[PDB]
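Heads up: the structure comes next, in structure tokens.
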Amino acid sequence: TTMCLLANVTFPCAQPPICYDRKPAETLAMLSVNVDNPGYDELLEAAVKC
Amino acid sequence: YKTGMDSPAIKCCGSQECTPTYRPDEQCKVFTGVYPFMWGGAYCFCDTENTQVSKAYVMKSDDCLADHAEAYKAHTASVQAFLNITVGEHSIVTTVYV
Amino acid sequence: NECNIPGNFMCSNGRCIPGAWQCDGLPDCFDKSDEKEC
Amino acid sequence: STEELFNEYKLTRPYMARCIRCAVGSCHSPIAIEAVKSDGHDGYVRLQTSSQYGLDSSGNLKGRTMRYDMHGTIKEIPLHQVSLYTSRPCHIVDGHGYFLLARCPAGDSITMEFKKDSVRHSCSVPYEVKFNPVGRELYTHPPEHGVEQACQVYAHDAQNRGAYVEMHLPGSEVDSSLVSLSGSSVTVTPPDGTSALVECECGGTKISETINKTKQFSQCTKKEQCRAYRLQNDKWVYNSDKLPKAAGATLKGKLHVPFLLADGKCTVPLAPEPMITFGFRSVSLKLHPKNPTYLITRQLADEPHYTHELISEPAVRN
Amino acid sequence: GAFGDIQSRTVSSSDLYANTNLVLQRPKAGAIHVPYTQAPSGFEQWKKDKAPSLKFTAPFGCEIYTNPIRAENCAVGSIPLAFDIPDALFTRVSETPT
Ligand SMILES: [Ca+2]
């Protein structure tokens, strides 16, 4: 399993707290810090859709 | 290969520095005396003492997976035959190792 | 069947159109076989 | 499931970059060209441009469109207005994100152009485009009939595979349609829903970030001394060398690239059958190539004495 | 400029050696770009030259294949054989025609 990061909150990468159709730049900042991640594609395709 | 290039760091009436990243063949150089233009006019107001940093590195191409060449070393081969033996009208077909 | 090029969708007549043209709201294959089951 | 594919270039915007050959001279173009890749076999190239494809002017999905950047305001046209050519005209197949797929002939340049009302846009780049045949018969246009070798062409769908490019903060795109004169001073008018910042040199060292306000400044007489930048915290760009960058770690994510080089099947020609004359320990070969054809011979002994020859004329080999 | 100017240890090694003669150049006065000058792809230059495969040049008429690297049907040498035959197979004389 793989846990992603926005703060010290290790949320599951398939279940993000935010989506781009709600927030313009907070999703991009969440993707900013999590580039070095093997589950980045999971966080990616989950972080688009609600 | 695929020469990747970072965007030029521009400071107006300043001076940049070279911060390396240890990327493969990562060249970096700081250029002084630069008056750059954007589409919406000039970028600085200073004539001289401006600074642009070029940074380039080599990464491998996007089609590396399906289009690549494997360099090997070979030694001490192994011979292996598909015989079809019949001894007294009793036939087998067996991969024998020789 | 299958096209010779991997990114292509095969129509009714065997015409291979690109795979992003299937279910797009625009008819490209004869008798709209890109617009049958969407 | 195309909407799952298109949803990552929704995070991005088209931009303008420097093209060296425009319709008249050297300009800043909305259709600038970053790279041309031509390593698939039967004439398919993959352009990475400074425009975006498959999305509308908002961010939603329209089918066959080019989305570009015209001095900040994002515009759009249908895809059948855009044409490109190397030596002969090329044929645009599809587009996805910053990437375009065309069926091109061989040539030493790429030129993309579209036509607006009375403005013609163009961008020529000195990027070599080659044509790669399959097999031992060197054609220039793919044939009508033959046999089928395996090949490697750029795939026509936009399927997510394991190859990425790197996206970043757009930097401070400076503007000068913002700054204007008052009757006695300098006036900066940032656009609505967009924050500008102003650097001047008319007092000592002056700097400000302003929001949504026609904000004048005293002690500045001429508007040559003030540069009004523009800011967009959202809306990624590509890591281009034709753009300036932001301040601090710069990185915001990575996107997949469409139309990768996949294994396929390609039709290759079949040369006319050689006319073979036999003799005592000797074989004569009459050869009439239609287009240039490799003849490769070897002997089945401890010294092969292999012969390798491109033959393009009617020839007799003994 | 030749074969192996990129050397990735495996396909997904994420640590590649690169010696591609990259040299950064000074940008043109009034333009934001990163100008470089490097030797061309040695893999492409290897593909342009490419003395023909071992499929066409191998002695004794071998048939080189790919997914296991192997040769086929090389008409060279000779296979010796050992037969350990049990005594039950030896039929007597008068149970066969003569
Ligand atoms: Ca359709």
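Nothing in this text is a laboratory measurement; each read-out follows from the coordinates by a stated rule. For neighbour counting, all protein chains shown are included, and Cβ atoms are generated from backbone atoms with ideal geometry for every residue, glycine included.
Candidates E:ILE85, E:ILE32, E:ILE79: the one that is facing another protein chain (nearest Cβ under 9 Å), in a loop (DSSP other than H, G, I, E, B) and closer than 30 Å to B:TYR43 by Cβ is E:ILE32.
Looking at the range B:44-71, I want the residues that are facing chain D (nearest Cβ under 8 Å) and have a partner that is assigned to a loop (DSSP other than H, G, I, E, B) and acidic (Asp, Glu) with Cβ atoms under 6 Å, at least 6 apart or on another chain. Which pairs are those? Once the first residue is facing chain D (nearest Cβ under 8 Å) and sits in the range B:44-71, its partners that are assigned to a loop (DSSP other than H, G, I, E, B) and acidic (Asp, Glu) give B:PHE45/D:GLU201.
When we screen E:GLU72, E:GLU63, E:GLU95 for residues that are farther than 30 Å from B:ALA42 by Cα and in contact with a helix residue (DSSP H, G or I) (Cβ under 9 Å, 6 or more places away or on another chain), the only hit is E:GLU63. Considering D:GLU173, D:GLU166, the condition of being under 30 Å from A:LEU44 (Cα atoms) and assigned to a loop (DSSP other than H, G, I, E, B) is satisfied by D:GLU173 alone. The set of residues from the range B:4-53 being of a type in the set (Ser, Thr, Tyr) and surrounded by 14 or more Cβ atoms within 10 Å (Cβ to Cβ) comprises B:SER7, B:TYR35, B:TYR43, B:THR51. Selection of strands (runs of 3 or more DSSP E) fully inside the range D:214-276 by the criterion of at least 3 residues being in contact with a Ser or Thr (Cβ under 8 Å, 6 or more places away or on another chain) returns D:215-217, D:226-230, D:251-256. For the range E:37-59, filtering for residues that are within 11 Å of chain D (Cβ to nearest Cβ), over 14 Å from the mean Cα position of the chain (by Cα) and buried (at least 16 other Cβ atoms within 10 Å of the Cβ) leaves 3. Which pairs have Cβ atoms under 7 Å, sit 6 or more apart or on different chains, and link a residue in the range C:13-38 that is in contact (Cβ under 8 Å) with a residue 24 or more places away in the chain to one that is near the ligand (Cβ under 6 Å from one of its atoms) and of a type in the set (A, V, I, L, M, F, W, C)? These pairs meet every condition: C:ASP34/C:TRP21.
Going through the range D:262-285 one residue at a time, which ones are among the charged types (D, E, K, R) and surrounded by 13 or more Cβ atoms within 10 Å (Cβ to Cβ)? Answer for the range D:262-285, where residues must be among the charged types (D, E, K, R) and surrounded by 13 or more Cβ atoms within 10 Å (Cβ to Cβ): just D:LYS265. Screening the candidates A:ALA47, A:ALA14 for the property of being in contact with a helix residue (DSSP H, G or I) (Cβ under 8 Å, 6 or more places away or on another chain), in a loop (DSSP other than H, G, I, E, B) and closer than 18 Å to D:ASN160 by Cβ yields one hit, A:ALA14. Set side by side, the residues D:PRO269, D:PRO258 differ, and just one is farther than 24 Å from B:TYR43 by Cβ, touching a residue at least 60 places away in the same chain (Cβ under 8 Å) and in contact with a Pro (Cβ under 6 Å, 6 or more places away or on another chain), which is D:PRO269. Checking each residue in chain C for being part of a loop (DSSP other than H, G, I, E, B), near the ligand (Cβ under 9 Å from one of its atoms), within 11 Å of chain D (Cβ to nearest Cβ) and within 24 Å of D:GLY264 (Cβ to Cβ) picks out C:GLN22, C:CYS23, C:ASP24, C:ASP28.
The set of residues in the range D:129-168 that are within 16 Å of D:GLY40 (Cα to Cα), more than 10 Å from every other protein chain (Cβ to nearest Cβ) and touching a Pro at 6+ places or on another chain (Cβ under 6 Å) comprises D:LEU138, D:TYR139. Residue-level check: of (1) within 14 Å of chain D (Cβ to nearest Cβ); (2) touching a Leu at 6+ places or on another chain (Cβ under 7 Å), E:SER12 misses just (2). Take the range D:27-53 and flag every residue that is touching a helix residue (DSSP H, G or I) at 6+ places or on another chain (Cβ under 9 Å) and within 20 Å of B:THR3 (Cα to Cα). The answer is D:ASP39, and nothing else.
Examine the range D:108-127 for a residue that is buried (at least 18 other Cβ atoms within 10 Å of the Cβ) and more than 14 Å from the chain's Cα centre (by Cα), and state whether such a residue exists. Yes, the range D:108-127 has at least one match.
Of all the residues in the range D:129-143, those that are at negative phi, in contact (Cβ under 8 Å) with a residue 60 or more places away in the chain, assigned to a loop (DSSP other than H, G, I, E, B) and of a type outside the set (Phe, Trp, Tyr) number 9. Restricting the search to the range A:17-44, which residues are assigned to a loop (DSSP other than H, G, I, E, B), within 9 Å of chain D (Cβ to nearest Cβ) and either of a type in the set (A, V, I, L, M, F, W, C) or within 10 Å of the chain's Cα centre (by Cα) (or both)? The answer is A:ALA25, A:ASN34, A:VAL35.
Consider the range D:1-54 and keep the residues that are more than 10 Å from every other protein chain (Cβ to nearest Cβ), part of a loop (DSSP other than H, G, I, E, B) and small (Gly, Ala, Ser). The one that is farthest from B:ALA42 (Cα to Cα) is D:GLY43.
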